[PDB]
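Student: Here it is, the structure, as structure tokens.
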Amino acid sequence: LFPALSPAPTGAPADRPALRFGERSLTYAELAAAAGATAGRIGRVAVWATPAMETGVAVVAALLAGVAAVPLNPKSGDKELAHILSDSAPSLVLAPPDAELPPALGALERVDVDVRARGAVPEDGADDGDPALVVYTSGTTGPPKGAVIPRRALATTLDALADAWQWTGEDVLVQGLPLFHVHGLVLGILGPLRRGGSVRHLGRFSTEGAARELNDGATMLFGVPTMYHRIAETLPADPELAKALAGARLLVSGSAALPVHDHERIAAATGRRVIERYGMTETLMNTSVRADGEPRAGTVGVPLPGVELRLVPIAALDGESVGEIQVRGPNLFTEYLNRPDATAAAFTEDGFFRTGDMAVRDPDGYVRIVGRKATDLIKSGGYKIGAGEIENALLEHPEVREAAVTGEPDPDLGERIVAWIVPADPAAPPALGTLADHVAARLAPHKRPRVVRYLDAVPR
Ligand SMILES: Nc1ncnc2c1ncn2[C@@H]1O[C@H](COP(=O)(O)O)[C@@H](O)[C@H]1O
Ligand SMILES: [Cl-]
Ligand SMILES: [Cl-]
Ligand SMILES: [Mg+2]
């Protein structure tokens, strides 16, 4: 999976940079040795997945050990952690030494991840179908399902992207994405390691931080559309940001659609374009605009090598016939953990995954996502948010009789979460702050409502 880490590297390859988090870093040899020491201490494991160097070491340790990792959002609330802990039943939690863990984890064995530890890299005994990660992803109803992602899916999607993006071990990625989802963790940490390159993780994203790294040897930027919106807003005032983007080898957006107004403001300011790629937790990456392809706003390009894609079948490349994307390939997840009926429902009889995403293809083969088959989802900041679980949390509040949750457009977030409340007392309805704080404390801050509306009645 990482031939530059296992077996332990030697000579010049060993002293190449691997991970950089501000002034903290690890070379390939240092990462292999620190992850190896950790791997020997874990013969499923949870990872307290802060946007910090320890998270890279922890996940690489699990992969070297051949033990599935379950990334935890360090801002998850009590309900959300209890569910993941009960569902995935990890043996231990890998955490940074100084992390304050919440009481939901009080009974779990804590293994501190030491980035200065030096141990042997375990022998690789893993099989390609072995679970690599369990990544919790929201559905339209109920609590998040654990997508079990096999080792082979990681290798194949990362190598497919290497071909599409002309990504090599000479590339230096900058990113500031969360490390408990696929974009930040798989593409943004494991991808550079599989390639033999490096990543500079910003901790918290900022336009200034992205500019700094791209003006100082970073060659690629990955972000969600919200980050590109904030870049587009800042460009007129920020000459060094404009130069940073103009000089980049590749700018990539994903997790949600990049609006054409943001695309074109970036092109106006910098003279170059942002590649979009389309993927899902359950499928990893499906399509991308290629580095050697024509840049086309509002598209997600062509199927990646090894991905079988169809629209439903619609065979005309007409830019007009709307159909459901379905995919098959070694990029696919194994199952939803403990959910065999939901797993079976996600697949056609002949083994294609039903994405729910609606698309056309143009005469060049390019895919444009234009909607949904039956059921909108909510994407806020490039997080997929499930309405039903936000409703279920709001219903716990004593000032809420009934609740419905929807998304509405937001120029910065793509969509913002709306809470529709039948109050306990219509003359004293619960304020947004009380409801938002409650959902943040139960679920996670990114899932909080940003708007509240009161009604007499909501769907049952
Ligand atoms: N570049 C993109 N354009 C439009 N939608 C996207 C793109 N990348 C991912 N998505 C959406 O994100 C979903 C997967 O996100 P997730 O459920 O968080 O794994 C897909 O089903 C799409 O709806
Ligand atoms: Cl750090
Ligand atoms: Cl959060
Ligand atoms: Mg619903």
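Just so we're on the same page: first chain in the structure tokens is A, next is B, and so on; residues restart at 1 for each chain, and ligands are numbered from 1 in the order they show up.
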So that I can check the surroundings of region 161-177 of chain A, please list as a PyMOL selection string every protein, DNA and RNA residue that reaches within 7 Å of it, counting only C-alpha atoms and ignoring chain neighbours fewer than 3 positions away.
Tutor: chain A and resi 157-158+184+188+195-205+210+213+217-223+290-291+304
Student: Output N, CA and C atoms for every residue in that selection, as a PDB file, in the first residue's frame.
Tutor:
```pdb
ATOM      1  N   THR A 157      -8.062   3.837  -6.192  1.00  0.00           N
ATOM      2  CA  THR A 157      -8.531   5.182  -6.459  1.00  0.00           C
ATOM      3  C   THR A 157      -7.326   6.130  -6.484  1.00  0.00           C
ATOM      4  N   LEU A 158      -6.359   5.926  -5.587  1.00  0.00           N
ATOM      5  CA  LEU A 158      -5.201   6.819  -5.580  1.00  0.00           C
ATOM      6  C   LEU A 158      -4.355   6.694  -6.862  1.00  0.00           C
ATOM      7  N   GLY A 184     -10.077  14.739   2.823  1.00  0.00           N
ATOM      8  CA  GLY A 184      -8.882  15.153   3.540  1.00  0.00           C
ATOM      9  C   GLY A 184      -7.937  14.011   3.862  1.00  0.00           C
ATOM     10  N   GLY A 188      -5.929  13.374   0.693  1.00  0.00           N
ATOM     11  CA  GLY A 188      -5.040  14.432   1.131  1.00  0.00           C
ATOM     12  C   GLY A 188      -3.888  13.991   2.013  1.00  0.00           C
ATOM     13  N   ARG A 195       2.239   8.177  -3.351  1.00  0.00           N
ATOM     14  CA  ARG A 195       2.987   8.686  -4.479  1.00  0.00           C
ATOM     15  C   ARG A 195       4.453   8.889  -4.179  1.00  0.00           C
ATOM     16  N   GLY A 196       4.809   8.923  -2.906  1.00  0.00           N
ATOM     17  CA  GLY A 196       6.175   9.286  -2.563  1.00  0.00           C
ATOM     18  C   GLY A 196       6.395  10.771  -2.443  1.00  0.00           C
ATOM     19  N   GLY A 197       5.314  11.561  -2.485  1.00  0.00           N
ATOM     20  CA  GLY A 197       5.403  13.007  -2.329  1.00  0.00           C
ATOM     21  C   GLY A 197       5.143  13.468  -0.902  1.00  0.00           C
ATOM     22  N   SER A 198       4.731  14.706  -0.756  1.00  0.00           N
ATOM     23  CA  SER A 198       4.496  15.230   0.587  1.00  0.00           C
ATOM     24  C   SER A 198       3.195  16.012   0.640  1.00  0.00           C
ATOM     25  N   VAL A 199       2.768  16.294   1.857  1.00  0.00           N
ATOM     26  CA  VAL A 199       1.603  17.141   2.101  1.00  0.00           C
ATOM     27  C   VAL A 199       1.954  18.122   3.209  1.00  0.00           C
ATOM     28  N   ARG A 200       1.547  19.368   2.997  1.00  0.00           N
ATOM     29  CA  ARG A 200       1.553  20.436   3.992  1.00  0.00           C
ATOM     30  C   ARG A 200       0.131  20.729   4.401  1.00  0.00           C
ATOM     31  N   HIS A 201      -0.261  20.278   5.581  1.00  0.00           N
ATOM     32  CA  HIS A 201      -1.620  20.455   6.034  1.00  0.00           C
ATOM     33  C   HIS A 201      -1.660  21.728   6.871  1.00  0.00           C
ATOM     34  N   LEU A 202      -2.603  22.605   6.541  1.00  0.00           N
ATOM     35  CA  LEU A 202      -2.708  23.944   7.129  1.00  0.00           C
ATOM     36  C   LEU A 202      -3.296  23.940   8.527  1.00  0.00           C
ATOM     37  N   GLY A 203      -3.808  22.801   8.982  1.00  0.00           N
ATOM     38  CA  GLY A 203      -4.526  22.745  10.296  1.00  0.00           C
ATOM     39  C   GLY A 203      -5.943  23.248  10.123  1.00  0.00           C
ATOM     40  N   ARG A 204      -6.083  24.566  10.098  1.00  0.00           N
ATOM     41  CA  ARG A 204      -7.343  25.212   9.724  1.00  0.00           C
ATOM     42  C   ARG A 204      -7.092  25.903   8.384  1.00  0.00           C
ATOM     43  N   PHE A 205      -7.986  25.719   7.414  1.00  0.00           N
ATOM     44  CA  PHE A 205      -7.815  26.376   6.116  1.00  0.00           C
ATOM     45  C   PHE A 205      -7.856  27.900   6.243  1.00  0.00           C
ATOM     46  N   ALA A 210      -2.901  28.901   2.258  1.00  0.00           N
ATOM     47  CA  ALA A 210      -2.785  28.258   0.965  1.00  0.00           C
ATOM     48  C   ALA A 210      -1.807  29.021   0.056  1.00  0.00           C
ATOM     49  N   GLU A 213       1.975  28.486   1.025  1.00  0.00           N
ATOM     50  CA  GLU A 213       2.596  27.246   0.620  1.00  0.00           C
ATOM     51  C   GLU A 213       2.774  27.123  -0.874  1.00  0.00           C
ATOM     52  N   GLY A 217       6.796  26.259  -2.819  1.00  0.00           N
ATOM     53  CA  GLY A 217       7.048  24.880  -3.219  1.00  0.00           C
ATOM     54  C   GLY A 217       5.872  23.914  -3.247  1.00  0.00           C
ATOM     55  N   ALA A 218       4.696  24.298  -2.704  1.00  0.00           N
ATOM     56  CA  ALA A 218       3.540  23.420  -2.928  1.00  0.00           C
ATOM     57  C   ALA A 218       3.087  23.533  -4.380  1.00  0.00           C
ATOM     58  N   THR A 219       2.708  22.409  -4.981  1.00  0.00           N
ATOM     59  CA  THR A 219       2.390  22.362  -6.409  1.00  0.00           C
ATOM     60  C   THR A 219       0.915  22.072  -6.634  1.00  0.00           C
ATOM     61  N   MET A 220       0.202  21.579  -5.620  1.00  0.00           N
ATOM     62  CA  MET A 220      -1.209  21.197  -5.774  1.00  0.00           C
ATOM     63  C   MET A 220      -1.994  21.724  -4.593  1.00  0.00           C
ATOM     64  N   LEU A 221      -3.237  22.154  -4.843  1.00  0.00           N
ATOM     65  CA  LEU A 221      -4.193  22.534  -3.776  1.00  0.00           C
ATOM     66  C   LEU A 221      -5.438  21.657  -3.938  1.00  0.00           C
ATOM     67  N   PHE A 222      -5.915  21.032  -2.850  1.00  0.00           N
ATOM     68  CA  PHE A 222      -7.239  20.388  -2.810  1.00  0.00           C
ATOM     69  C   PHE A 222      -8.113  21.172  -1.866  1.00  0.00           C
ATOM     70  N   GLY A 223      -9.369  21.383  -2.248  1.00  0.00           N
ATOM     71  CA  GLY A 223     -10.320  22.062  -1.380  1.00  0.00           C
ATOM     72  C   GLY A 223     -11.744  21.701  -1.785  1.00  0.00           C
ATOM     73  N   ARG A 290      -9.335  15.655 -16.407  1.00  0.00           N
ATOM     74  CA  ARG A 290      -7.926  15.305 -16.392  1.00  0.00           C
ATOM     75  C   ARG A 290      -7.036  16.546 -16.475  1.00  0.00           C
ATOM     76  N   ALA A 291      -5.832  16.438 -15.906  1.00  0.00           N
ATOM     77  CA  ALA A 291      -4.808  17.464 -16.070  1.00  0.00           C
ATOM     78  C   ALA A 291      -4.504  17.728 -17.519  1.00  0.00           C
ATOM     79  N   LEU A 304     -12.713   7.809 -14.210  1.00  0.00           N
ATOM     80  CA  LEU A 304     -11.340   7.465 -13.923  1.00  0.00           C
ATOM     81  C   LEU A 304     -10.973   6.081 -14.421  1.00  0.00           C
TER      82      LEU A 304
END
```
Student: Excluding same-chain residues fewer than 2 positions from residue 138 (chain A), what lies within 12 Å of it counting only C-alpha atoms, as number ranges by chain?
Tutor: A: 80, 84, 135-136, 140-147, 181, 280-282, 336, 377-379, 383-390, 443, 447
Student: Go through chain A and flag each residue having an atom no more than 9 Å from ligand 1; for those, report the closest pair of atoms plus their distance in Å to one decimal, using only C-alpha atoms and all ligand atoms, ordered by chain and rising number, as a Markdown table.
Tutor:
```
| residue | atom | partner | partner_atom_place_in_ligand_line | distance |
| --- | --- | --- | --- | --- |
| A:137 | CA | ligand 1 | 17 (O) | 6.2 |
| A:138 | CA | ligand 1 | 17 (O) | 7.0 |
| A:139 | CA | ligand 1 | 17 (O) | 8.1 |
| A:181 | CA | ligand 1 | 18 (O) | 7.6 |
| A:182 | CA | ligand 1 | 19 (O) | 7.3 |
| A:183 | CA | ligand 1 | 19 (O) | 8.6 |
| A:224 | CA | ligand 1 | 1 (N) | 8.5 |
| A:225 | CA | ligand 1 | 1 (N) | 8.6 |
| A:253 | CA | ligand 1 | 1 (N) | 6.4 |
| A:254 | CA | ligand 1 | 1 (N) | 4.2 |
| A:255 | CA | ligand 1 | 9 (C) | 3.6 |
| A:256 | CA | ligand 1 | 6 (C) | 3.8 |
| A:257 | CA | ligand 1 | 3 (N) | 3.6 |
| A:258 | CA | ligand 1 | 3 (N) | 6.6 |
| A:275 | CA | ligand 1 | 1 (N) | 8.7 |
| A:276 | CA | ligand 1 | 1 (N) | 4.9 |
| A:277 | CA | ligand 1 | 1 (N) | 4.6 |
| A:278 | CA | ligand 1 | 8 (N) | 3.8 |
| A:279 | CA | ligand 1 | 9 (C) | 4.8 |
| A:280 | CA | ligand 1 | 14 (C) | 3.5 |
| A:281 | CA | ligand 1 | 19 (O) | 3.6 |
| A:282 | CA | ligand 1 | 19 (O) | 6.6 |
| A:283 | CA | ligand 1 | 19 (O) | 8.1 |
| A:284 | CA | ligand 1 | 19 (O) | 7.7 |
| A:285 | CA | ligand 1 | 8 (N) | 8.4 |
| A:287 | CA | ligand 1 | 1 (N) | 8.6 |
| A:288 | CA | ligand 1 | 1 (N) | 8.1 |
| A:298 | CA | ligand 1 | 3 (N) | 7.8 |
| A:299 | CA | ligand 1 | 3 (N) | 7.5 |
| A:300 | CA | ligand 1 | 1 (N) | 5.7 |
| A:355 | CA | ligand 1 | 21 (O) | 5.9 |
| A:356 | CA | ligand 1 | 21 (O) | 6.9 |
| A:357 | CA | ligand 1 | 23 (O) | 5.8 |
| A:358 | CA | ligand 1 | 23 (O) | 8.7 |
| A:368 | CA | ligand 1 | 3 (N) | 8.2 |
| A:369 | CA | ligand 1 | 4 (C) | 6.0 |
| A:370 | CA | ligand 1 | 4 (C) | 8.4 |
| A:371 | CA | ligand 1 | 23 (O) | 8.4 |
| A:372 | CA | ligand 1 | 23 (O) | 8.1 |
| A:376 | CA | ligand 1 | 23 (O) | 8.9 |
| A:377 | CA | ligand 1 | 23 (O) | 7.3 |
| A:378 | CA | ligand 1 | 23 (O) | 8.7 |
| A:379 | CA | ligand 1 | 12 (O) | 7.4 |
| A:382 | CA | ligand 1 | 18 (O) | 6.9 |
| A:383 | CA | ligand 1 | 18 (O) | 5.5 |
| A:384 | CA | ligand 1 | 18 (O) | 4.4 |
| A:385 | CA | ligand 1 | 18 (O) | 7.9 |
```
Student: Hey, what does DSSP flag as helix (DSSP H, G or I) within region 207-282 of chain A? Can you give it to me as a PDB file with C-alpha atoms, in the first residue's frame?
Tutor:
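Final file, out-v2.pdb:
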```pdb
ATOM      1  CA  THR A 207      -6.527  31.706   1.948  1.00  0.00           C
ATOM      2  CA  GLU A 208      -3.291  33.181   3.319  1.00  0.00           C
ATOM      3  CA  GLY A 209      -2.033  29.757   4.354  1.00  0.00           C
ATOM      4  CA  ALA A 210      -2.785  28.258   0.965  1.00  0.00           C
ATOM      5  CA  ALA A 211      -1.064  31.194  -0.783  1.00  0.00           C
ATOM      6  CA  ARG A 212       2.008  30.892   1.405  1.00  0.00           C
ATOM      7  CA  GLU A 213       2.596  27.246   0.620  1.00  0.00           C
ATOM      8  CA  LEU A 214       1.880  27.528  -3.086  1.00  0.00           C
ATOM      9  CA  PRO A 225     -16.065  24.761  -3.081  1.00  0.00           C
ATOM     10  CA  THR A 226     -16.458  26.860   0.065  1.00  0.00           C
ATOM     11  CA  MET A 227     -12.648  27.277   0.154  1.00  0.00           C
ATOM     12  CA  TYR A 228     -12.598  28.269  -3.520  1.00  0.00           C
ATOM     13  CA  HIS A 229     -15.423  30.746  -2.878  1.00  0.00           C
ATOM     14  CA  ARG A 230     -13.402  32.381  -0.119  1.00  0.00           C
ATOM     15  CA  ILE A 231     -10.398  32.443  -2.460  1.00  0.00           C
ATOM     16  CA  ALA A 232     -12.512  34.074  -5.192  1.00  0.00           C
ATOM     17  CA  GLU A 233     -13.787  36.745  -2.769  1.00  0.00           C
ATOM     18  CA  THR A 234     -10.202  37.583  -1.626  1.00  0.00           C
ATOM     19  CA  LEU A 235      -8.417  37.585  -4.984  1.00  0.00           C
ATOM     20  CA  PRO A 236      -8.912  41.184  -6.044  1.00  0.00           C
ATOM     21  CA  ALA A 237      -7.220  42.380  -2.860  1.00  0.00           C
ATOM     22  CA  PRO A 239      -1.804  39.765  -5.293  1.00  0.00           C
ATOM     23  CA  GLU A 240       0.182  37.001  -3.641  1.00  0.00           C
ATOM     24  CA  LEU A 241      -2.848  34.719  -3.687  1.00  0.00           C
ATOM     25  CA  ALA A 242      -3.316  35.387  -7.383  1.00  0.00           C
ATOM     26  CA  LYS A 243       0.340  34.548  -8.100  1.00  0.00           C
ATOM     27  CA  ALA A 244       0.124  31.436  -5.913  1.00  0.00           C
ATOM     28  CA  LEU A 245      -2.817  30.109  -7.916  1.00  0.00           C
ATOM     29  CA  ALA A 246      -1.359  31.092 -11.265  1.00  0.00           C
ATOM     30  CA  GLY A 247       1.842  29.190 -10.445  1.00  0.00           C
ATOM     31  CA  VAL A 260     -19.547  28.791 -12.247  1.00  0.00           C
ATOM     32  CA  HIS A 261     -19.342  32.265 -10.717  1.00  0.00           C
ATOM     33  CA  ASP A 262     -16.480  31.109  -8.471  1.00  0.00           C
ATOM     34  CA  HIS A 263     -14.770  29.231 -11.349  1.00  0.00           C
ATOM     35  CA  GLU A 264     -14.859  32.221 -13.593  1.00  0.00           C
ATOM     36  CA  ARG A 265     -13.721  34.756 -10.926  1.00  0.00           C
ATOM     37  CA  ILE A 266     -10.699  32.541 -10.310  1.00  0.00           C
ATOM     38  CA  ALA A 267      -9.948  32.254 -14.046  1.00  0.00           C
ATOM     39  CA  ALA A 268     -10.400  36.049 -14.489  1.00  0.00           C
ATOM     40  CA  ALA A 269      -7.861  36.728 -11.725  1.00  0.00           C
ATOM     41  CA  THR A 270      -5.290  34.002 -12.297  1.00  0.00           C
TER      42      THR A 270
END
```
Student: May I ask you to write as a ChimeraX atom specification all residues lying at most 7 Å from ligand 2, with only C-alpha atoms and all ligand atoms counted?
Tutor: /A:21-22,24,51-54,203
Student: Restricted to N, CA and C atoms, what would the selected residues look like written as a compact mmCIF listing (two decimals), in the first residue's frame?
Tutor:
```txt
# COMPACT_ATOMS: atom_id res chain seq x y z
N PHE A 21 3.13 19.85 9.12
CA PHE A 21 2.03 20.59 9.77
C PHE A 21 2.65 21.82 10.41
N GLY A 22 2.71 22.92 9.70
CA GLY A 22 3.44 24.11 10.18
C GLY A 22 4.92 23.77 10.29
N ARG A 24 6.16 21.56 12.27
CA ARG A 24 6.32 20.15 12.60
C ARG A 24 6.38 19.31 11.34
N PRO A 51 -6.90 17.77 13.04
CA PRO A 51 -6.15 18.13 11.81
C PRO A 51 -4.70 18.43 12.19
N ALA A 52 -4.02 17.38 12.62
CA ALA A 52 -2.72 17.45 13.25
C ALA A 52 -1.90 16.23 12.85
N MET A 53 -0.58 16.37 12.97
CA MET A 53 0.33 15.37 12.44
C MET A 53 0.11 13.98 13.03
N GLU A 54 -0.27 13.93 14.32
CA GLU A 54 -0.56 12.65 14.98
C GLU A 54 -1.61 11.83 14.26
N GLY A 203 -3.81 22.80 8.98
CA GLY A 203 -4.53 22.74 10.30
C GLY A 203 -5.94 23.25 10.12
```
Student: Near residue 42 (chain A), counting only C-alpha atoms, which residues have an atom at most 9 Å away, once you skip same-chain residues fewer than 5 positions from it, shown as number ranges by chain?
Tutor: A: 61-62, 65, 67, 91-92, 111
Student: Set the cut-off to 10 Å, count only C-alpha atoms and all ligand atoms, and list whatever residues fall near ligand 3 as a ChimeraX atom specification.
Tutor: /A:73-77,178,383,440-441,443-448
Student: Near residue 332 (chain A), within 12 Å and counting only C-alpha atoms, which residues show up once chain neighbours fewer than 3 positions away are dropped, as a compact mmCIF listing (two decimals) with N, CA and C atoms, in the first residue's frame?
Tutor:
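Contents of selection13.txt, as written:
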```txt
# COMPACT_ATOMS: atom_id res chain seq x y z
N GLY A 129 -8.65 -7.31 0.09
CA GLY A 129 -10.02 -7.08 0.50
C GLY A 129 -10.22 -6.75 1.96
N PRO A 131 -10.49 -4.79 5.42
CA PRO A 131 -10.95 -3.42 5.71
C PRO A 131 -9.80 -2.51 6.12
N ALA A 147 -19.11 3.19 6.48
CA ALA A 147 -18.72 2.62 5.21
C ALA A 147 -17.38 1.91 5.38
N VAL A 148 -17.38 0.60 5.14
CA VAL A 148 -16.17 -0.21 5.26
C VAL A 148 -15.45 -0.15 3.93
N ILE A 149 -14.27 0.47 3.93
CA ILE A 149 -13.50 0.70 2.72
C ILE A 149 -12.30 -0.26 2.70
N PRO A 150 -12.22 -1.12 1.67
CA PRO A 150 -11.10 -2.09 1.65
C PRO A 150 -9.79 -1.49 1.21
N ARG A 151 -8.68 -2.16 1.54
CA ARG A 151 -7.36 -1.73 1.11
C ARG A 151 -7.28 -1.54 -0.39
N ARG A 152 -7.86 -2.45 -1.18
CA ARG A 152 -7.78 -2.33 -2.62
C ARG A 152 -8.42 -1.08 -3.19
N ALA A 153 -9.45 -0.60 -2.52
CA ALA A 153 -10.12 0.63 -2.98
C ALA A 153 -9.23 1.85 -2.82
N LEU A 154 -8.52 1.92 -1.70
CA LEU A 154 -7.54 2.99 -1.53
C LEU A 154 -6.47 2.99 -2.62
N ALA A 155 -5.85 1.83 -2.83
CA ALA A 155 -4.79 1.74 -3.81
C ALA A 155 -5.33 2.10 -5.20
N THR A 156 -6.47 1.57 -5.58
CA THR A 156 -6.93 1.80 -6.93
C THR A 156 -7.38 3.24 -7.16
N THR A 157 -8.06 3.84 -6.19
CA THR A 157 -8.53 5.18 -6.46
C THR A 157 -7.33 6.13 -6.48
N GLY A 279 -16.82 12.14 -6.41
CA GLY A 279 -16.70 10.92 -5.65
C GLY A 279 -17.67 10.91 -4.49
N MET A 280 -17.67 9.80 -3.74
CA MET A 280 -18.57 9.56 -2.62
C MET A 280 -17.78 8.68 -1.67
N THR A 281 -18.16 8.66 -0.41
CA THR A 281 -17.50 7.78 0.54
C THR A 281 -17.54 6.31 0.08
N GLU A 282 -18.71 5.88 -0.38
CA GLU A 282 -18.90 4.49 -0.75
C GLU A 282 -18.21 4.09 -2.04
N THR A 283 -17.86 5.03 -2.88
CA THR A 283 -17.23 4.75 -4.17
C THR A 283 -15.83 5.30 -4.35
N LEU A 284 -15.34 5.99 -3.34
CA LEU A 284 -14.18 6.83 -3.50
C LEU A 284 -14.40 7.61 -4.81
N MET A 285 -13.37 7.86 -5.59
CA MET A 285 -13.50 8.74 -6.75
C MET A 285 -14.00 8.01 -7.99
N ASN A 286 -14.94 8.67 -8.68
CA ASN A 286 -15.52 8.09 -9.91
C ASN A 286 -15.07 8.75 -11.20
N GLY A 306 -10.40 2.41 -14.73
CA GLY A 306 -10.88 1.31 -13.92
C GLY A 306 -12.28 1.46 -13.32
N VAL A 307 -12.89 2.63 -13.51
CA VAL A 307 -14.25 2.84 -13.05
C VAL A 307 -15.22 2.59 -14.21
N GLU A 308 -16.15 1.68 -13.97
CA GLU A 308 -17.25 1.49 -14.92
C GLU A 308 -18.40 2.37 -14.51
N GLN A 326 -24.51 5.30 -12.07
CA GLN A 326 -24.21 4.07 -11.37
C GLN A 326 -22.81 3.65 -11.72
N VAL A 327 -22.07 3.17 -10.72
CA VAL A 327 -20.65 2.83 -10.88
C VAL A 327 -20.32 1.46 -10.34
N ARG A 328 -19.32 0.85 -10.97
CA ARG A 328 -18.74 -0.41 -10.50
C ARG A 328 -17.23 -0.34 -10.70
N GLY A 329 -16.52 -1.03 -9.82
CA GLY A 329 -15.07 -1.08 -9.90
C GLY A 329 -14.42 -1.39 -8.56
N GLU A 335 -19.10 -2.73 2.37
CA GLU A 335 -20.43 -2.80 2.97
C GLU A 335 -20.66 -1.62 3.90
N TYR A 336 -21.90 -1.40 4.32
CA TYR A 336 -22.13 -0.63 5.54
C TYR A 336 -22.02 -1.55 6.75
N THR A 343 -26.85 -2.28 2.77
CA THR A 343 -25.80 -2.57 1.82
C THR A 343 -26.39 -3.16 0.53
N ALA A 346 -28.18 -0.66 -1.78
CA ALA A 346 -27.33 0.29 -2.51
C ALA A 346 -26.83 -0.20 -3.88
N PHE A 347 -27.04 -1.48 -4.15
CA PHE A 347 -26.47 -2.13 -5.31
C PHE A 347 -27.56 -2.62 -6.25
N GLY A 351 -24.32 -5.42 -9.64
CA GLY A 351 -23.21 -5.00 -8.78
C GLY A 351 -22.79 -3.55 -8.97
N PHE A 352 -23.64 -2.73 -9.60
CA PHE A 352 -23.40 -1.29 -9.63
C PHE A 352 -23.96 -0.60 -8.40
N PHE A 353 -23.20 0.38 -7.94
CA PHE A 353 -23.64 1.19 -6.84
C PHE A 353 -24.55 2.29 -7.37
N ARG A 354 -25.68 2.46 -6.69
CA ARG A 354 -26.64 3.50 -7.03
C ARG A 354 -26.29 4.83 -6.36
N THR A 355 -25.81 5.79 -7.14
CA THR A 355 -25.30 6.99 -6.49
C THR A 355 -26.41 7.93 -6.04
```
Student: Counting only C-alpha atoms and all ligand atoms, figure out which residue out of A:423, A:313, A:96, A:407 gets nearest to ligand 4.
Tutor: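 Residue with the minimum atom-to-atom distance to ligand 4: A:407.
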Student: So which one's closest to ligand 4, A:64, A:403, A:117, A:427? Using only C-alpha atoms and all ligand atoms, please.
Tutor: A:403
Student: Please return as a ChimeraX atom specification: the residues of region 252-395 of chain A that backbone DSSP assigns to strand (DSSP E or B).
Tutor: /A:252-253,275-280,284-288,302-303,308-311,323-328,335-336,347,353-361,367-372,378-380,383-385
